[PDB]
Amino acid sequence: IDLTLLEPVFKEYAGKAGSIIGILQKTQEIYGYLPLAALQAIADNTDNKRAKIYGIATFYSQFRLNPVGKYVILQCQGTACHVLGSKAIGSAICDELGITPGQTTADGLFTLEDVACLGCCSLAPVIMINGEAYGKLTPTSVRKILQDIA
Amino acid sequence: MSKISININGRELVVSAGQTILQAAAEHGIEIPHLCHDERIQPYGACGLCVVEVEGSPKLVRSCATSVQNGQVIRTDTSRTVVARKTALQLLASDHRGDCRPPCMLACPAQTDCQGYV
Amino acid sequence: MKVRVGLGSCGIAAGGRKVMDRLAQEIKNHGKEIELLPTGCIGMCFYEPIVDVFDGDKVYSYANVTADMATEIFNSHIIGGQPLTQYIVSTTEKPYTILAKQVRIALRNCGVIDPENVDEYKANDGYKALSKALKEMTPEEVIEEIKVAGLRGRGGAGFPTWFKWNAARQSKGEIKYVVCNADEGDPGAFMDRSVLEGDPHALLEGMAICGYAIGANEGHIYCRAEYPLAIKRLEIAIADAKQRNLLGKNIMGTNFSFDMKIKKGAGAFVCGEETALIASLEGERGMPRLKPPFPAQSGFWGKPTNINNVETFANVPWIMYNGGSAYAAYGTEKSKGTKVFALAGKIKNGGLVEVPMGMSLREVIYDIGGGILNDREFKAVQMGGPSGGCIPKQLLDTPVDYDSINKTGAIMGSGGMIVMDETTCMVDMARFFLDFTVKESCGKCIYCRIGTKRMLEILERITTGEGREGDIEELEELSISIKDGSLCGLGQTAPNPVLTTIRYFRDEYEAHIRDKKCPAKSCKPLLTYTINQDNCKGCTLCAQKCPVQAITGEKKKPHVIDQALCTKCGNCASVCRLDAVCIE
Amino acid sequence: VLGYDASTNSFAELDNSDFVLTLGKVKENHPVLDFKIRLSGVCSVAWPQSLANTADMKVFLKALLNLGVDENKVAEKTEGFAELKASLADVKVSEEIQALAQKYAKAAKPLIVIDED
Amino acid sequence: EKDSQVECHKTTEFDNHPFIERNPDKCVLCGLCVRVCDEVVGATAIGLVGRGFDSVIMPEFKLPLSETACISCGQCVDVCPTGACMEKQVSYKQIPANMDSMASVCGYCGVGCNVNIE
Ligand SMILES: NC(=O)c1ccc[n+]([C@@H]2O[C@H](COP(=O)([O-])OP(=O)(O)OC[C@H]3O[C@@H](n4cnc5c(N)ncnc54)[C@H](O)[C@@H]3O)[C@@H](O)[C@H]2O)c1
Ligand SMILES: Cc1cc2nc3c(=O)[nH]c(=O)nc-3n(C[C@H](O)[C@H](O)[C@H](O)COP(=O)(O)O)c2cc1C
Ligand code: SF4
Ligand code: SF4
Ligand code: SF4
Ligand code: SF4
Ligand code: SF4
Ligand code: SF4
Ligand code: SF4
Ligand code: FES
Ligand code: FES
Ligand SMILES: [Zn+2]
């Protein structure tokens, strides 16, 4: 664990009231998730009532408590993509990759997550992979794309 | 001063400013259901069982979170409040696992408390 | 020569950086002095990535451009002066027909100015309203001009500003706060991200103006962290405004000081509501509190606070500059201003549309959107997202306003257009919208905690084929009670999709329940498959594309579908060229 | 008319009214009631002595009806309101009757104290 | 009565605290326990975890209650309206009964808190 370089984050954000969310976002940007040791380190040296830290980290719709792969898949699950049939794309992803949403692949290369909306609703369905968006998508297209990446 | 007086459920009562309607009704023997109310801490508004109808308000108000004023008319046993409380209790009973009374007592025809004297 | 590229978030969903760096390489090799400017989307997110070319006083747009297409553009048109007529869809003499009916007010800088440069905003009549309000008008004059302008509130709500905005100004306290609720938790509605990435200087000017008017010196932006490009552009604009004495202390010599801070939210849909957002800003769990007390009497840390959308703060300076008397002519009587919508779904010309109110929905769907994608039959339009309602095929004549949309059971909300044709199951759409509110409820009050899950269980049981008699009655009984008793605004307008699709599409619920079949035939387990023996001749195209082999038959003879083995995936009819696969 | 030959409100509610209309000689017959009304401080208007005829009260009813009452609620809650409206068709309204009716209909929570003697 | 087609959360809880028993199956999520432990006691040994149906009240970092900052005061027990929080048995075998109550004062501290012995 990289706690030595986690020390500057709460060494700089200290003294700001209501700074639990910012500390948690920086910790997740560093580690890719929120390990229990990092939460314990945040609870120490900044008090902030450890139970409240855990409740904040759990709520907030987005904070990963588990490690992720090198390429993070974010499937746009908005209204426009669901109208055009993103369920079939999700089924194709689950069939080809053998994983369920919220989990990680065995080789640690792909991680499936469902987001509310990516916002590029004109090119529905959309899939985000490490900030690269693929729009106007079909299951054959996503299978070819994931084969080309891997 | 001037004797702050409210009118709840048909009766006229003399109360003190700063108190909630829940406390004021309970001081005069009027029962309003509540689950999430403690008079020594702040209001929460989770259960919603303390809803009453107050004249001048379009929607039901939570008597655990509204302080008494002068000359306000309150009803606690209307159709709307009873419907809301029954729906809330049905939703709560939709999630509860437990034995209120043991099997031995419920099998007795006279419902003697077998667990108690055993 | 001027080249504009609408490279933004939707551009990343297209060629995006490819056309930009290819054009940069081409101009680097040629060595010409041509100004390449990254802009935001015009609003036509289809046909992206948009490229605008300036020849003299003429502007051409012939986009859908890749790296090879950009190279051909540079070789043929940028140097040779020859347009490619096979890609031309908009010229100066022939502009976009879609923008012909659009009174562009909120997007008057999108696709025109450089968002990362304050100079382009200043050259496009920007920040002049700021100087006018600072030097020539009093804050009371600002409030009265807003009042004659007819502004009451944007982003749902509806209560008038003068009872909340002027009330926030009149609120006692040495410290007042301004919050711009720049989180757009609505799926499919992306007006705030588009404004932030296309013209953040207008929003910064607007927030400065309302801060000057209400007497607040410090303000916050509640912006989600999945909005980086927007955060980077906003911080660049903030740095530029600090550098050019447009922000900070003593702007244009005037005594009023205004400083900016950017707060990145964690991204929860319930973290709006003006009481959960306060708790999020306060560093706690976003859970709605009890109203009353209102944030006008106790908001940020117990201090009075004014919270408004980006739309309101954008509209305020543009009212300030010209005058609210001009905007009283546009639209209906009861509500004034302009509306910003995002058209999506089974539509042809989808994307962001700027409109006035009073304009009929059939105009928006057909005349502006080009009709229905694949020329299908229009069925319904959804307004407000998961918290909104549905409008059927019989009410396209309803004008867009607060009162008319409130009449038909829907909610304005963020103002999102979803177009659904006859191939969308309505019960599945209600189930989807209710699943979104189930996944985004804070679970404090018991109605939104339990009842909205009970309705979801009913809907998922209907959309499988295990529904019973009376499920409509249980749905109505749950919906009215959840709407009445929920503490937060999320659970109050939670059953609006079910309540609007149960009175406008009640005949399909019975079809899913009694007949156990799906009228739209897009509702998986409620189907059956048959082969027409007359209109198909044994090419085995469907049986080859069913990798379980539940369809048996010889060559040049009609096949037989085994019902006990096929799982009704839907690929038995997607490839049949003779269309003899009947679905019942 | 109402079902019970009794007053519909208590004396304890005299302090929260914003208008008290006195009919009869309450001061001379029940003077402690006048003590309470005076100490409460609410606005009290006595029925004029020059209106000792029931036709003046009918003019009062007509002036109240012309001030915009809800006809549908009183139609569904009463019997014989249509004939009451018909019998007040050609009733003229005077100035003092109009002033009294305006005072009564303007106030949110009025009481009428009638001396039975 | 319960319908089998709806789901109630069943727990396999293992919290062998010597004094405080917590049953999430009987919780109505009124939040009185966390509010008292935060605002009154100040230990903040318990808190909310999750959203919606998945909201559950549990100690810090899902640790046992004996591994956290608990005082074992029992105020969470005293404010609970249901059987989700109960205190442990002082007698040889405790039972549900209507106990007789006598008012006395505590015999340990000079603060002299008033008690009801049941
Ligand atoms: N983007 C959007 O606009 C959007 C998104 C989702 C939901 N909604 C809508 O939000 C609405 C609910 O709004 P809400 O949850 O903020 O509560 P609300 O509508 O009851 O409150 C309306 C506004 O009036 C203010 N107000 C009321 N009385 C006041 C007083 N005496 N003094 C000062 N201010 C006062 C409130 O603070 C609030 O700003 C719903 O109609 C829902 O559809 C809107
Ligand atoms: C679930 C939910 C989400 C909301 N999201 C927003 C939002 O994103 N932006 C916004 O301005 N208001 C939002 N609101 C409504 C706010 O309460 C409202 O903006 C605020 O009370 C005052 O808005 P006004 O400036 O139009 O009066 C939301 C309300 C709810 C219940
Ligand atoms: S099982 Fe126990 S906690 Fe639940 S209702 Fe019955 S007595 Fe109360
Ligand atoms: S209505 Fe839903 S989101 Fe709002 S406070 Fe209640 S449970 Fe939370
Ligand atoms: S429907 Fe498909 S599988 Fe059946 S006979 Fe025709 S081509 Fe062959
Ligand atoms: S229903 Fe789909 S998966 Fe099943 S046999 Fe037919 S084509 Fe294959
Ligand atoms: S006090 Fe009891 S019922 Fe209330 S939330 Fe805590 S454990 Fe649940
Ligand atoms: S016993 Fe006291 S300190 Fe321990 S959890 Fe309960 S209230 Fe908190
Ligand atoms: S008197 Fe002392 S030991 Fe007894 S309950 Fe009070 S504080 Fe605790
Ligand atoms: S609806 Fe899919 S990206 Fe926005
Ligand atoms: S007692 Fe629970 S809402 Fe008031
Ligand atoms: Zn269906």
# chains A, B, ... in the order shown; residues from 1 in each chain; ligands from 1

$ select_by_dssp --residues "range 43-104 of chain B" --states "strand (DSSP E)" --output "number ranges by chain"
B: 51-54, 61-62, 73-75

$ interface_residues --of "chain C" --to "chain B" --cutoff "9 Å" --atoms "only C-alpha atoms" --output "list in words"
residues 289, 290, 292, 444, 445, 446, 447, 450, 451, 454, 478, 481, 482, 484, 485, 486 and 487 of chain C

$ write_last_selection --atoms "N, CA and C atoms" --output "compact mmCIF listing (two decimals), in the first residue's frame"
# COMPACT_ATOMS: atom_id res chain seq x y z
N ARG C 289 -33.56 17.02 4.01
CA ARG C 289 -33.94 17.39 5.36
C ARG C 289 -35.39 17.86 5.36
N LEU C 290 -35.84 18.40 6.49
CA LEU C 290 -37.23 18.80 6.64
C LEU C 290 -37.42 20.25 6.21
N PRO C 292 -40.55 23.09 6.11
CA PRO C 292 -39.68 24.14 6.66
C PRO C 292 -38.78 23.62 7.78
N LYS C 444 -34.30 7.07 3.27
CA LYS C 444 -34.54 7.66 4.58
C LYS C 444 -35.99 7.48 5.02
N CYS C 445 -36.94 8.00 4.24
CA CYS C 445 -38.35 7.82 4.53
C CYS C 445 -38.82 6.48 3.98
N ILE C 446 -39.84 5.91 4.62
CA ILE C 446 -40.18 4.52 4.34
C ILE C 446 -40.94 4.36 3.03
N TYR C 447 -41.62 5.42 2.56
CA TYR C 447 -42.38 5.31 1.32
C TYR C 447 -41.45 5.11 0.13
N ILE C 450 -39.37 1.59 0.54
CA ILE C 450 -39.97 0.28 0.35
C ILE C 450 -40.99 0.27 -0.79
N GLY C 451 -41.87 1.27 -0.85
CA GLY C 451 -42.95 1.23 -1.82
C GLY C 451 -42.48 1.33 -3.25
N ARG C 454 -41.54 -2.07 -4.16
CA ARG C 454 -42.70 -2.93 -4.34
C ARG C 454 -43.36 -2.71 -5.71
N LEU C 478 -50.52 1.99 -4.61
CA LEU C 478 -49.17 2.31 -4.18
C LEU C 478 -48.73 3.68 -4.68
N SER C 481 -50.23 6.76 -2.80
CA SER C 481 -49.75 6.85 -1.42
C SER C 481 -48.29 7.27 -1.36
N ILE C 482 -47.46 6.74 -2.26
CA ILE C 482 -46.06 7.15 -2.32
C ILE C 482 -45.95 8.62 -2.70
N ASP C 484 -48.20 10.95 -2.10
CA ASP C 484 -48.65 11.79 -1.00
C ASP C 484 -47.63 11.83 0.14
N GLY C 485 -47.10 10.67 0.54
CA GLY C 485 -46.39 10.60 1.80
C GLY C 485 -44.89 10.73 1.79
N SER C 486 -44.25 10.81 0.63
CA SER C 486 -42.80 10.87 0.58
C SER C 486 -42.29 12.22 1.05
N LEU C 487 -41.21 12.20 1.83
CA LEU C 487 -40.62 13.43 2.35
C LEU C 487 -39.85 14.20 1.28

$ closest_atom_pairs --of "chain E" --to "ligand 11" --cutoff "12 Å" --atoms "only C-alpha atoms and all ligand atoms" --output "tab-separated table"
residue	atom	partner	partner_atom_place_in_ligand_line	distance
E:28	CA	ligand 11	2 (Fe)	11.0
E:29	CA	ligand 11	2 (Fe)	10.6
E:30	CA	ligand 11	2 (Fe)	7.5
E:31	CA	ligand 11	2 (Fe)	10.0
E:32	CA	ligand 11	2 (Fe)	10.2
E:81	CA	ligand 11	1 (S)	11.4

$ write_last_selection --atoms "N, CA and C atoms" --output "mmCIF file, in the first residue's frame"
data_model
loop_
_atom_site.group_PDB
_atom_site.id
_atom_site.type_symbol
_atom_site.label_atom_id
_atom_site.label_comp_id
_atom_site.auth_asym_id
_atom_site.auth_seq_id
_atom_site.Cartn_x
_atom_site.Cartn_y
_atom_site.Cartn_z
ATOM 1 N N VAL E 28 -36.746 -0.726 11.745
ATOM 2 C CA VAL E 28 -37.609 0.128 10.939
ATOM 3 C C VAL E 28 -36.877 1.341 10.399
ATOM 4 N N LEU E 29 -35.568 1.442 10.648
ATOM 5 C CA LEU E 29 -34.709 2.513 10.136
ATOM 6 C C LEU E 29 -35.216 3.899 10.522
ATOM 7 N N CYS E 30 -35.636 4.043 11.776
ATOM 8 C CA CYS E 30 -35.984 5.352 12.303
ATOM 9 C C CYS E 30 -34.759 6.220 12.552
ATOM 10 N N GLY E 31 -33.582 5.615 12.677
ATOM 11 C CA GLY E 31 -32.356 6.361 12.847
ATOM 12 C C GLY E 31 -32.151 6.957 14.217
ATOM 13 N N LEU E 32 -32.942 6.555 15.211
ATOM 14 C CA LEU E 32 -32.801 7.129 16.544
ATOM 15 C C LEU E 32 -31.493 6.706 17.196
ATOM 16 N N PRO E 81 -37.603 1.873 19.209
ATOM 17 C CA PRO E 81 -39.028 1.552 19.367
ATOM 18 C C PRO E 81 -39.388 0.095 19.129
#

$ closest_atom_pairs --of "chain E" --to "chain B" --cutoff "10 Å" --atoms "only C-alpha atoms" --output "Markdown table"
| residue | atom | partner | partner_atom | distance |
| --- | --- | --- | --- | --- |
| E:1 | CA | B:93 | CA | 8.6 |
| E:2 | CA | B:94 | CA | 7.0 |
| E:3 | CA | B:94 | CA | 8.5 |
| E:6 | CA | B:94 | CA | 8.2 |
| E:7 | CA | B:95 | CA | 7.8 |
| E:8 | CA | B:95 | CA | 5.0 |
| E:9 | CA | B:95 | CA | 7.2 |
| E:10 | CA | B:97 | CA | 7.9 |
| E:11 | CA | B:97 | CA | 9.9 |
| E:23 | CA | B:97 | CA | 9.7 |
| E:24 | CA | B:97 | CA | 9.3 |
| E:25 | CA | B:97 | CA | 5.6 |
| E:26 | CA | B:96 | CA | 5.5 |
| E:27 | CA | B:96 | CA | 7.6 |
| E:28 | CA | B:92 | CA | 6.8 |
| E:29 | CA | B:46 | CA | 7.8 |
| E:30 | CA | B:36 | CA | 4.9 |
| E:31 | CA | B:36 | CA | 7.0 |
| E:32 | CA | B:36 | CA | 6.3 |
| E:33 | CA | B:36 | CA | 9.9 |
| E:35 | CA | B:41 | CA | 8.0 |
| E:36 | CA | B:41 | CA | 7.8 |
| E:39 | CA | B:41 | CA | 7.8 |
| E:40 | CA | B:41 | CA | 8.4 |
| E:53 | CA | B:95 | CA | 9.9 |
| E:79 | CA | B:38 | CA | 7.9 |
| E:80 | CA | B:35 | CA | 8.8 |
| E:81 | CA | B:35 | CA | 6.5 |
| E:82 | CA | B:35 | CA | 9.1 |
| E:83 | CA | B:98 | CA | 9.1 |
| E:94 | CA | B:116 | CA | 9.3 |
| E:95 | CA | B:116 | CA | 6.2 |
| E:96 | CA | B:116 | CA | 6.5 |
| E:97 | CA | B:116 | CA | 6.5 |
| E:98 | CA | B:116 | CA | 9.7 |

$ interface_residues --of "chain E" --to "chain A" --cutoff "8 Å" --atoms "only C-alpha atoms" --output "PyMOL selection string"
chain E and resi 44-51+59-61

$ residues_around --residues "residue 113 in chain D" --least-positions-apart "6" --cutoff "9 Å" --atoms "only C-alpha atoms" --output "ChimeraX atom specification"
/D:20-24,26

$ write_last_selection --atoms "C-alpha atoms" --output "PDB file, in the first residue's frame"
ATOM      1  CA  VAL D  20     -67.729  39.620  16.970  1.00  0.00           C
ATOM      2  CA  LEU D  21     -71.249  40.589  15.916  1.00  0.00           C
ATOM      3  CA  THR D  22     -73.492  41.225  18.911  1.00  0.00           C
ATOM      4  CA  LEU D  23     -77.254  40.755  18.585  1.00  0.00           C
ATOM      5  CA  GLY D  24     -79.419  41.922  21.466  1.00  0.00           C
ATOM      6  CA  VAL D  26     -75.619  41.301  25.904  1.00  0.00           C
TER       7      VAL D  26
END

$ residues_near_ligand --ligand "ligand 1" --cutoff "9 Å" --atoms "only C-alpha atoms and all ligand atoms" --output "PyMOL selection string"
chain C and resi 153-161+163-165+167-168+181+183-186+269-270+272-275+288+291-297+306-309+384-388+410-415+488-490+492-493

$ residues_near_ligand --ligand "ligand 8" --cutoff "6 Å" --atoms "only C-alpha atoms and all ligand atoms" --output "ChimeraX atom specification"
/E:37,43,45-46,70-76

$ write_last_selection --atoms "N, CA, C and O atoms" --output "CSV table (one decimal), in the first residue's frame"
chain,number,residue,atom,x,y,z
E,37,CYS,N,-26.3,8.2,19.4
E,37,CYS,CA,-24.9,7.9,19.5
E,37,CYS,C,-24.0,8.9,18.9
E,37,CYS,O,-22.8,9.0,19.3
E,43,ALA,N,-19.7,9.0,20.8
E,43,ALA,CA,-18.8,7.9,20.5
E,43,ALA,C,-18.8,7.7,19.0
E,43,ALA,O,-17.8,7.4,18.4
E,45,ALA,N,-20.2,5.1,17.3
E,45,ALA,CA,-19.7,3.7,17.1
E,45,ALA,C,-20.6,3.0,16.1
E,45,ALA,O,-20.2,1.9,15.7
E,46,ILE,N,-21.7,3.5,15.7
E,46,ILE,CA,-22.6,2.9,14.7
E,46,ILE,C,-22.9,3.9,13.6
E,46,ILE,O,-22.8,5.2,13.8
E,70,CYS,N,-17.4,1.9,21.2
E,70,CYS,CA,-18.6,1.8,22.0
E,70,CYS,C,-18.3,1.9,23.5
E,70,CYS,O,-17.3,1.4,24.0
E,71,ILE,N,-19.2,2.7,24.2
E,71,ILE,CA,-19.1,2.8,25.6
E,71,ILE,C,-19.9,1.8,26.4
E,71,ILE,O,-19.7,1.6,27.6
E,72,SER,N,-20.8,1.0,25.7
E,72,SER,CA,-21.8,0.1,26.2
E,72,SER,C,-22.7,0.9,27.2
E,72,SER,O,-23.1,0.3,28.2
E,73,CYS,N,-23.0,2.1,26.8
E,73,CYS,CA,-24.0,2.9,27.7
E,73,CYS,C,-25.4,2.4,27.6
E,73,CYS,O,-26.1,2.3,28.6
E,74,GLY,N,-25.8,1.9,26.4
E,74,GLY,CA,-27.1,1.4,26.2
E,74,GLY,C,-28.2,2.5,25.8
E,74,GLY,O,-29.4,2.2,26.0
E,75,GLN,N,-27.8,3.6,25.4
E,75,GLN,CA,-28.7,4.7,25.0
E,75,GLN,C,-29.4,4.3,23.7
E,75,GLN,O,-30.6,4.6,23.4
E,76,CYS,N,-28.7,3.6,22.8
E,76,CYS,CA,-29.3,3.1,21.5
E,76,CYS,C,-30.4,2.1,21.9
E,76,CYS,O,-31.4,2.0,21.2

$ interface_residues --of "chain B" --to "chain D" --cutoff "12 Å" --atoms "only C-alpha atoms" --output "ChimeraX atom specification"
/B:2-7,10-14,56,69-73

$ residues_near_ligand --ligand "ligand 6" --cutoff "6 Å" --atoms "only C-alpha atoms and all ligand atoms" --output "PyMOL selection string"
chain C and resi 546-550+566-572

$ write_last_selection --atoms "N, CA, C and O atoms" --output "mmCIF file, in the first residue's frame"
data_model
loop_
_atom_site.group_PDB
_atom_site.id
_atom_site.type_symbol
_atom_site.label_atom_id
_atom_site.label_comp_id
_atom_site.auth_asym_id
_atom_site.auth_seq_id
_atom_site.Cartn_x
_atom_site.Cartn_y
_atom_site.Cartn_z
ATOM 1 N N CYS C 546 -28.907 -19.478 -35.269
ATOM 2 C CA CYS C 546 -29.506 -19.809 -33.976
ATOM 3 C C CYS C 546 -28.641 -20.899 -33.359
ATOM 4 O O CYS C 546 -28.893 -22.094 -33.565
ATOM 5 N N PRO C 547 -27.602 -20.529 -32.584
ATOM 6 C CA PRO C 547 -26.609 -21.531 -32.161
ATOM 7 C C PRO C 547 -27.066 -22.426 -31.016
ATOM 8 O O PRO C 547 -26.293 -22.730 -30.103
ATOM 9 N N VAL C 548 -28.323 -22.864 -31.072
ATOM 10 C CA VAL C 548 -28.828 -23.962 -30.252
ATOM 11 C C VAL C 548 -29.521 -25.022 -31.097
ATOM 12 O O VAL C 548 -29.647 -26.185 -30.658
ATOM 13 N N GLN C 549 -29.907 -24.682 -32.331
ATOM 14 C CA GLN C 549 -30.519 -25.583 -33.309
ATOM 15 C C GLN C 549 -31.852 -26.124 -32.791
ATOM 16 O O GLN C 549 -32.079 -27.333 -32.690
ATOM 17 N N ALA C 550 -32.734 -25.187 -32.455
ATOM 18 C CA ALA C 550 -34.126 -25.477 -32.152
ATOM 19 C C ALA C 550 -35.014 -25.406 -33.386
ATOM 20 O O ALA C 550 -36.205 -25.723 -33.296
ATOM 21 N N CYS C 566 -36.265 -23.235 -28.160
ATOM 22 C CA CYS C 566 -35.891 -21.855 -28.438
ATOM 23 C C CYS C 566 -36.202 -20.972 -27.235
ATOM 24 O O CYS C 566 -37.264 -21.087 -26.618
ATOM 25 N N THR C 567 -35.265 -20.087 -26.901
ATOM 26 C CA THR C 567 -35.406 -19.188 -25.764
ATOM 27 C C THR C 567 -35.927 -17.814 -26.164
ATOM 28 O O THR C 567 -35.919 -16.899 -25.332
ATOM 29 N N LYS C 568 -36.364 -17.654 -27.417
ATOM 30 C CA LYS C 568 -36.961 -16.414 -27.923
ATOM 31 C C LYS C 568 -35.993 -15.237 -27.806
ATOM 32 O O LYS C 568 -36.339 -14.160 -27.316
ATOM 33 N N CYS C 569 -34.758 -15.455 -28.270
ATOM 34 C CA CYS C 569 -33.740 -14.412 -28.189
ATOM 35 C C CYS C 569 -34.023 -13.280 -29.170
ATOM 36 O O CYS C 569 -33.721 -12.116 -28.885
ATOM 37 N N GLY C 570 -34.585 -13.602 -30.335
ATOM 38 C CA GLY C 570 -34.952 -12.603 -31.318
ATOM 39 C C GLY C 570 -34.132 -12.610 -32.590
ATOM 40 O O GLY C 570 -34.412 -11.803 -33.485
ATOM 41 N N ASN C 571 -33.139 -13.489 -32.712
ATOM 42 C CA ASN C 571 -32.325 -13.534 -33.919
ATOM 43 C C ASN C 571 -32.938 -14.392 -35.018
ATOM 44 O O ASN C 571 -32.366 -14.473 -36.110
ATOM 45 N N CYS C 572 -34.082 -15.030 -34.761
ATOM 46 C CA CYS C 572 -34.741 -15.823 -35.791
ATOM 47 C C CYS C 572 -35.437 -14.958 -36.835
ATOM 48 O O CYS C 572 -35.772 -15.463 -37.911
#

$ residues_around --residues "residue 93 in chain D" --least-positions-apart "6" --cutoff "10 Å" --atoms "only C-alpha atoms" --output "list in words"
residues 56, 58, 59, 60, 61, 62, 63 and 66 of chain D

$ closest_atom_pairs --of "chain C" --to "ligand 12" --cutoff "6 Å" --atoms "only C-alpha atoms and all ligand atoms" --output "CSV"
residue,atom,partner,partner_atom_place_in_ligand_line,distance
C:425,CA,ligand 12,1 (Zn),4.7
C:427,CA,ligand 12,1 (Zn),5.9
C:428,CA,ligand 12,1 (Zn),5.9
C:463,CA,ligand 12,1 (Zn),5.8
C:518,CA,ligand 12,1 (Zn),4.2
C:522,CA,ligand 12,1 (Zn),6.0
C:523,CA,ligand 12,1 (Zn),3.8

$ write_last_selection --atoms "C-alpha atoms" --output "PDB file, in the first residue's frame"
ATOM      1  CA  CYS C 425     -43.085  -1.588 -25.002  1.00  0.00           C
ATOM      2  CA  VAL C 427     -44.710  -1.302 -19.587  1.00  0.00           C
ATOM      3  CA  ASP C 428     -41.003  -2.019 -20.047  1.00  0.00           C
ATOM      4  CA  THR C 463     -43.060  -7.704 -17.971  1.00  0.00           C
ATOM      5  CA  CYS C 518     -46.675  -7.832 -25.931  1.00  0.00           C
ATOM      6  CA  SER C 522     -40.234  -6.186 -27.919  1.00  0.00           C
ATOM      7  CA  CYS C 523     -40.834  -7.624 -24.451  1.00  0.00           C
TER       8      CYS C 523
END

$ interface_residues --of "chain A" --to "chain C" --cutoff "9 Å" --atoms "only C-alpha atoms" --output "number ranges by chain"
A: 17-22, 25, 52-53, 55-56, 59-63, 77-84, 116-124, 126-128, 131-135

$ residues_around --residues "residue 103 in chain A" --least-positions-apart "5" --cutoff "12 Å" --atoms "only C-alpha atoms" --output "VMD selection string"
chain A and resid 64 to 69 72 to 73 94 97 to 98 108 to 114

$ write_last_selection --atoms "N, CA and C atoms" --output "short mmCIF file (atom, residue, chain, number, x, y, z; two decimals), in the first residue's frame"
data_model
loop_
_atom_site.label_atom_id
_atom_site.label_comp_id
_atom_site.auth_asym_id
_atom_site.auth_seq_id
_atom_site.Cartn_x
_atom_site.Cartn_y
_atom_site.Cartn_z
N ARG A 64 -15.61 3.05 -5.63
CA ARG A 64 -15.24 1.65 -5.75
C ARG A 64 -14.55 1.18 -4.48
N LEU A 65 -15.03 0.07 -3.92
CA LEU A 65 -14.37 -0.58 -2.80
C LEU A 65 -13.59 -1.82 -3.25
N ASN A 66 -13.50 -2.06 -4.55
CA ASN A 66 -12.84 -3.22 -5.12
C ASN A 66 -11.94 -2.80 -6.27
N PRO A 67 -10.85 -3.52 -6.50
CA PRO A 67 -9.93 -3.15 -7.59
C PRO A 67 -10.55 -3.37 -8.96
N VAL A 68 -10.01 -2.65 -9.94
CA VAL A 68 -10.51 -2.70 -11.31
C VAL A 68 -9.37 -3.05 -12.26
N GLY A 69 -9.75 -3.47 -13.47
CA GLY A 69 -8.80 -3.84 -14.49
C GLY A 69 -8.20 -2.64 -15.21
N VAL A 72 -11.39 0.02 -18.14
CA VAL A 72 -12.66 0.09 -17.44
C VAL A 72 -13.75 0.31 -18.48
N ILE A 73 -14.72 -0.59 -18.50
CA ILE A 73 -15.86 -0.47 -19.40
C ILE A 73 -16.99 0.22 -18.65
N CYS A 94 -21.64 -9.57 -21.54
CA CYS A 94 -21.64 -10.61 -20.51
C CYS A 94 -21.33 -11.98 -21.10
N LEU A 97 -17.38 -11.82 -22.43
CA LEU A 97 -16.39 -11.64 -21.37
C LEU A 97 -16.61 -12.56 -20.18
N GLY A 98 -17.78 -13.18 -20.06
CA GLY A 98 -18.03 -14.09 -18.96
C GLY A 98 -18.11 -13.44 -17.60
N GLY A 108 -7.72 -9.55 -15.25
CA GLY A 108 -7.59 -8.18 -14.78
C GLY A 108 -7.40 -7.16 -15.88
N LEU A 109 -8.10 -7.33 -17.00
CA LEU A 109 -7.97 -6.43 -18.14
C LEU A 109 -9.25 -5.64 -18.42
N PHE A 110 -10.42 -6.19 -18.11
CA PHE A 110 -11.69 -5.53 -18.37
C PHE A 110 -12.51 -5.51 -17.09
N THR A 111 -13.18 -4.38 -16.85
CA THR A 111 -14.07 -4.22 -15.71
C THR A 111 -15.37 -3.60 -16.20
N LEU A 112 -16.49 -4.25 -15.90
CA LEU A 112 -17.80 -3.83 -16.39
C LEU A 112 -18.51 -3.02 -15.32
N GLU A 113 -18.93 -1.81 -15.68
CA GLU A 113 -19.70 -0.95 -14.80
C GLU A 113 -20.83 -0.31 -15.59
N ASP A 114 -21.94 -0.04 -14.92
CA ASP A 114 -23.10 0.59 -15.53
C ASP A 114 -23.23 2.01 -14.99
#
